[PDB]
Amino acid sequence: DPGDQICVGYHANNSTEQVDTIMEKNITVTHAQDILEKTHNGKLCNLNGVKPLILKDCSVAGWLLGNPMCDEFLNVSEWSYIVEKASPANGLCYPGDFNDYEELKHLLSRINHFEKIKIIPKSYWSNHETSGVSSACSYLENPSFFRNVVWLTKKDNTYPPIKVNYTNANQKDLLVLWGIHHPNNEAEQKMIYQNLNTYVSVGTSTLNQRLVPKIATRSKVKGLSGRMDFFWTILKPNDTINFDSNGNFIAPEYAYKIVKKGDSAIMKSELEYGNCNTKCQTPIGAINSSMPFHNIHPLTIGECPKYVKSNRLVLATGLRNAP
């Protein structure tokens, strides 16, 4: 006749949780831990304390040079990161090229605090006109120009040789920008600058540049056939920048003090500001998670989990749960 018993067995529950294995998929399990974060708030938030710089319809160049379609950004100072559109519409209002633009943008992603300062006031230009202007850089359907650089033209009928310098009396690196104008022909050249064969020279302790306008017949862009080329350098503390020109000089008025370097980024996104806060931002949304992995976007900034391309990552913790 049957007597006493002791059994050896194992836990089970009502769990539908599944995990994967190399030899068998979709194995039902008692306990499992998901480790892949798959959700974001679809918003562009502050990063910890700090508001991003959201350029709207402006490009970095449009911002720095002061395209009239960007007066909103005339005075930005501190940002956590930068957002720019895929194809912003307001950049170089006057057509032409920005030299070493990507190198500048890269520099810019290591900076988070600019202090704009007046380097050469218009009042300096007593023997030149400062009112060079154009329909392509218009404000309210009346012709204007970049807010930050100045288009010098002949005063009366003479354009005297320019020779001005600026010494960096700060303890912060200084970003200065300038440019040159390429006219369409000699008549146009004479009408604007009087002088016919011109140059722009720029020297620091490391830069030794000489520019010369290039006449040529070009297709129209924004109705215009002329062109403007822009340049930038970093002027170090206690160094001096020197400009010489006898025509075509687009002079700096403002320059940018680099007051804080930090980690930052220039993100490409069509989104607007979301008025929210996060510790981890991607171009398509912020992340709020303790997961060690996420799969939302590879370009992130802040304290983030690790990006993987997987749509699913879950560890078995418990054991095979029999039906």
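The first residue of the sequence shown is number 1, and the count goes up from there.
Higher average CA B factor: 7 to 15, of the stretches 7 to 15 and 308 to 316. The PDB entry reports B-factors from which the mean C-alpha value can be compared for 97 to 105 and 162 to 170; the larger average falls on 162 to 170.
Taking only the listed residues 185, 77, 209, 90, the entry reports the highest CA temperature factor at 77. Comparing the C-alpha B-factors of 248, 233, 134, 123 in the entry, the top value falls on 123. Among the modelled residues of the chain, residue 269 sits in the middle third by CA temperature factor in this PDB entry. Among the modelled residues of the chain, residue 50 sits in the middle third by CA temperature factor in this PDB entry. When the modelled residues of the chain are ordered by their C-alpha B factor, residue 287 lands in the middle third. Placement of the Cα temperature factor of residue 277 within the chain: middle third of the modelled residues, per the deposited record. When the modelled residues of the chain are ordered by their C-alpha B factor, residue 294 lands in the middle third.
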